[PDB]
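Structure first, commentary second.
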């Protein structure tokens, strides 16, 4: 219910896709693993822990999901494009 | 105490052979001429000619 | 319209002709302008690509940006994305055959960036690879024609590209089955003269070609209008309407 | 340079009835494509220029001059405005390209009507319809042989005991280091001139819309084309270097990038990745002489680019240049005149030996270096590198700093 | 210094940091990223000692 | 070592008219490249240090 | 001890733990991680037994 603190600028670029009101950013395997770990102990990834190792990328993901309702984020372990609804829960494919 | 001198490094000074020293040089030699190459063509396999 | 004293002293000091230099840069300028004109006619009359049957449902029409996962069929890194570009080229070449009915896509004309991309991909059917641009003459100094894609597409280069694009076209064995015609009437006719008041010579070049549009290029109408149509390209009949050329702007290279 | 202070001519093929004038556009410009309707419809009539708040009516043609790839003639396929808030040249070009992409402002080229063409410059009683003329300019650049010198001034009280206790000479050492230092300083001077004159790479047609426009960092997802691990990431450097080689070919109009000069880190990255077209690979650096002790020249990039190593690199970079088969189309000339004329002497006041070295080389700049200016200044231009004509303007050299190694 | 990755720890090479292993994955790509690091300083010595 | 307390000489190559001085730069040095303009304009004029 | 990956169970090796299999994917990368584990534990016997 809170907003994520802004960690200065230098936000990673998000590519607007007006084709489907979507966007695209390449995060990787570390960001997705971090988000999956955060959404396993009952924590939150959208705004909690504003001093994380890769919180800047998570804040960028939160902004991308707020601005675009059907975001297409691609990881690096499998290169899958998880949508906004699939990224909402914080669990991507597998693993505890 | 004759001094060889040099051109004042101005392009006009060297082109005219002017020299602050006693001897005025004949001219600024020759090092060839640079002409811009003609840009290439795309041929006419893209569109039928039909004279 | 060169001077006579200019010829007299330039031949003595530089060793040129003062006439073959000017005539050269006039004939070359005419040929360059004509070539740019026909290339611009091809690009301007080219159907907007990646629309209709070649459109992936979740993608823009006329744009193929490497940063859209649906556009690149969910590709990853570089080899997969450029191979998806190759697949898009193949799709447009088969749409060319569907629309024209004269044959698959035979040539493509692209910017330096797209040709360089094509030159750094394993164009065959094998995994996904990138490296130094090897198979294509990416630069346009030696020649504009930059290799062939798969032994099928005569990949030319549009050196004076504005932002970025590639146009897959066609050209059959006949000069009639082209999609657009550069039909010369006279070719670089020289003309000499001299004003008797000053005697300084003047030289000029005159050409007359005319550019024609191929009937059936639209291919979307079973019957044209008025039974007598103007063959020069125009807004009404040659604005993204030729089925022989399909043009797509490639973004995010 | 057998004779001091040589000169280089340069022929410019410019049109507009004036071989020398203000703002006369060069014809055979590798950057700027020729105006296709210059002999055509551009000679019968003068099209209205395209600028801010120019409401493009349907069917007419507007002339514009892009900062790169020359001048264009656009037919307006539909009525649209040109975003009057865009006044600068860069923003105007961006807006016009945006209109091009949307298809509203298409790009065309046509000839001339036969009626207007057959009667030109006062025929059949007509008036005010001149031809479109051309000509050559021929302007020269002149260089000067700058000098360089050193001295040793070693004592005679020294050499005795130094040879007696160490076995040295005190003369073959000082002379050797003097000559070596002069050669090293000349080489470093020409290398710095290459870096000084190198254009800022990754700016313009080599830019990826989301990149940093001047540096290539592997941590940017756009820069590595969304690469993963090291086999995919290091090949993005190869792709970028190929893009900048073709950009050098476009700007200079002489050929693709022939060589690169890089730092130890960039060369090591290049050597540790399979440069060929074969999946993604990584490992120990083998193909390139990464170190700068055996030699500086460290292999070639697929038999295309000679990869030198600049052993004194400030942060990091690779500079792609050009050097054609001819010695003239190089982009910068190191033209020696006299090389290491040794002098010796001894003042009778103290009899202590003194020796020195003098050399005179002079450095010249290839005309057509800028590739963005269609005419020089005063038609007799200084050929030595300077602020006006060399700094960040040599089209031959493009320098990019690589980050995140 | 010269061989430092800007987002690294400046003194260690841990395979769990994606910046340190060039964003590698599994074992064949992560260990090989060490072979890069061991190179990045082998040349560095040549810069210092000469 | 056959004899205790060995020794080793080392020859630096420094410029500035003074082989020994306060901060006399060494010419031949792997890390430190030779100064760009010392035999050239460095003798004709002295440039202001940048701080 | 010295063969323990800092993110493991210290006594078992489960194919489902990304740190245990060093971030492996499917099983061609995972069974090779098991091979690496048995290799790494064969070395420590040379450290202890000597």
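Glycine also receives a Cβ, built like all others from the backbone with ideal geometry; neighbour counts cover every protein chain displayed. Only the coordinates and a few stated rules stand behind these numbers; no lab work does.
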query = So which pairs qualify, if the first residue must be in segment F:6-31 and over 23 Å from residue D:153 (Cα atoms), the second must be surrounded by 12 or more Cβ atoms within 10 Å (Cβ to Cβ), the Cβ gap must be under 6 Å, and the two must be at least 6 apart or on different chains?
reply = F:30/E:50
message = Among the residues that make up segment A:22-36, is at least one of them over 16 Å from residue A:78 (Cα atoms) and outside any helix (DSSP H, G or I)?
response = yes
key: Test: residue in segment D:105-115 that is surrounded by 15 or more Cβ atoms within 10 Å (Cβ to Cβ) and at positive phi   = no
query = Restricting attention to segment C:65-90, which residues are in contact with a helix residue (DSSP H, G or I) (Cβ under 6 Å, 6 or more places away or on another chain) and within 23 Å of residue C:154 (Cβ to Cβ)?
reply = C:82
ask   = All but one of (1) under 11 Å from the mean Cα position of the chain (by Cα); (2) within 27 Å of residue C:66 (Cα to Cα); (3) part of a loop (DSSP other than H, G, I, E, B) hold for residue A:57; which doesn't?
value = (3)
query = Within segment C:61-84, which residues are surrounded by fewer than 23 Cβ atoms within 10 Å (Cβ to Cβ) and within 25 Å of residue C:41 (Cβ to Cβ)?
reply = C:61, C:62, C:63
Selection within segment E:1-43 - within 7 Å of another protein chain (Cβ to nearest Cβ) and assigned to a helix (DSSP H, G or I) = E:30, E:32, E:33, E:35, E:36, E:39, E:40, E:43
query = Being under 21 Å from the mean Cα position of the chain (by Cα), within 14 Å of chain F (Cβ to nearest Cβ) and assigned to a strand (DSSP E or B), is that true of even one residue in segment D:356-367?
reply = yes
query = Any residue in segment D:106-116 that is within 11 Å of chain C (Cβ to nearest Cβ), over 23 Å from residue C:29 (Cβ atoms), outside any loop (DSSP other than H, G, I, E, B) and touching a residue at least 40 places away in the same chain (Cβ under 8 Å)?
reply = no
ask   = For segment C:121-151, how many residues meet the condition of being touching a residue at least 40 places away in the same chain (Cβ under 8 Å) and buried (at least 16 other Cβ atoms within 10 Å of the Cβ)?
value = 6
key: Top-ranked residue in segment B:26-42 [being within 7 Å of another protein chain (Cβ to nearest Cβ) and over 17 Å from residue D:27 (Cβ atoms); ranked as surrounded by the most Cβ atoms within 10 Å (Cβ to Cβ)]   = B:28
request  = Of the conditions (1) in contact (Cβ under 8 Å) with a residue 24 or more places away in the chain; (2) closer than 25 Å to residue C:217 by Cβ, residue C:94 clears all except one; give me its number.
outcome  = (1)
ask   = Quick one: is residue C:149 touching a strand residue (DSSP E or B) at 6+ places or on another chain (Cβ under 6 Å), more than 10 Å from chain D (Cβ to nearest Cβ) and over 30 Å from residue D:270 (Cα atoms)?
value = no
request  = Among the numbered conditions (1) buried (at least 24 other Cβ atoms within 10 Å of the Cβ); (2) more than 10 Å from chain D (Cβ to nearest Cβ); (3) out of contact with any helix residue (DSSP H, G or I) (no Cβ under 8 Å at 6 or more places or on another chain); (4) within 30 Å of residue D:270 (Cβ to Cβ), tell me where residue C:96 comes up short.
outcome  = (4)
task = Any chance you could count how many residues in segment A:10-35 are out of contact with any helix residue (DSSP H, G or I) (no Cβ under 8 Å at 6 or more places or on another chain), more than 17 Å from residue D:209 (Cβ to Cβ) and more than 9 Å from every other protein chain (Cβ to nearest Cβ)?
result = 2
query = If you check residue E:46 against the conditions, is it within 14 Å of chain F (Cβ to nearest Cβ), more than 28 Å from residue A:27 (Cβ to Cβ), out of contact with any helix residue (DSSP H, G or I) (no Cβ under 6 Å at 6 or more places or on another chain) and surrounded by 15 or more Cβ atoms within 10 Å (Cβ to Cβ)?
reply = yes
key: Single residue of D:159, D:127 found to be away from chain C (no Cβ under 14 Å) and within 30 Å of residue F:42 (Cα to Cα)   = D:159
remark   = Here the residues within segment F:29-42 that are surrounded by fewer than 16 Cβ atoms within 10 Å (Cβ to Cβ) and within 7 Å of another protein chain (Cβ to nearest Cβ) are F:30, F:31, F:36
inquiry  = Considering only segment D:155-171, I want to know if a residue exists there that is surrounded by 18 or more Cβ atoms within 10 Å (Cβ to Cβ) and in contact (Cβ under 8 Å) with a residue 24 or more places away in the chain.
reply    = no
request  = Would you mind finding the one in A:84, A:43 that is in contact with a strand residue (DSSP E or B) (Cβ under 9 Å, 6 or more places away or on another chain) and surrounded by fewer than 19 Cβ atoms within 10 Å (Cβ to Cβ)?
outcome  = A:84
Of residues in segment D:43-52 being surrounded by fewer than 16 Cβ atoms within 10 Å (Cβ to Cβ) and closer than 28 Å to residue D:203 by Cα, the one farthest from the other protein chains (Cβ to nearest Cβ) = D:52
message = Given the criterion in contact with a helix residue (DSSP H, G or I) (Cβ under 9 Å, 6 or more places away or on another chain) and crowded, with 21+ Cβ neighbours inside 10 Å, identify the matching residue among D:405, D:380.
response = D:405
request  = From (1) surrounded by fewer than 17 Cβ atoms within 10 Å (Cβ to Cβ); (2) at positive phi, pick out the condition that doesn't hold for residue D:344.
outcome  = (2)
key: Qualifying positions in segment B:8-25 - in contact with a strand residue (DSSP E or B) (Cβ under 9 Å, 6 or more places away or on another chain), outside any helix (DSSP H, G or I) and either within 13 Å of chain C (Cβ to nearest Cβ) or at negative phi (or both)   = B:10
message = Among the listed residues D:374, D:381, identify the single one that is under 29 Å from residue D:18 (Cα atoms), within 13 Å of another protein chain (Cβ to nearest Cβ) and not in a loop (DSSP other than H, G, I, E, B).
response = D:381
Single residue of F:10, F:22 found to be assigned to a loop (DSSP other than H, G, I, E, B) and more than 14 Å from chain E (Cβ to nearest Cβ) = F:22
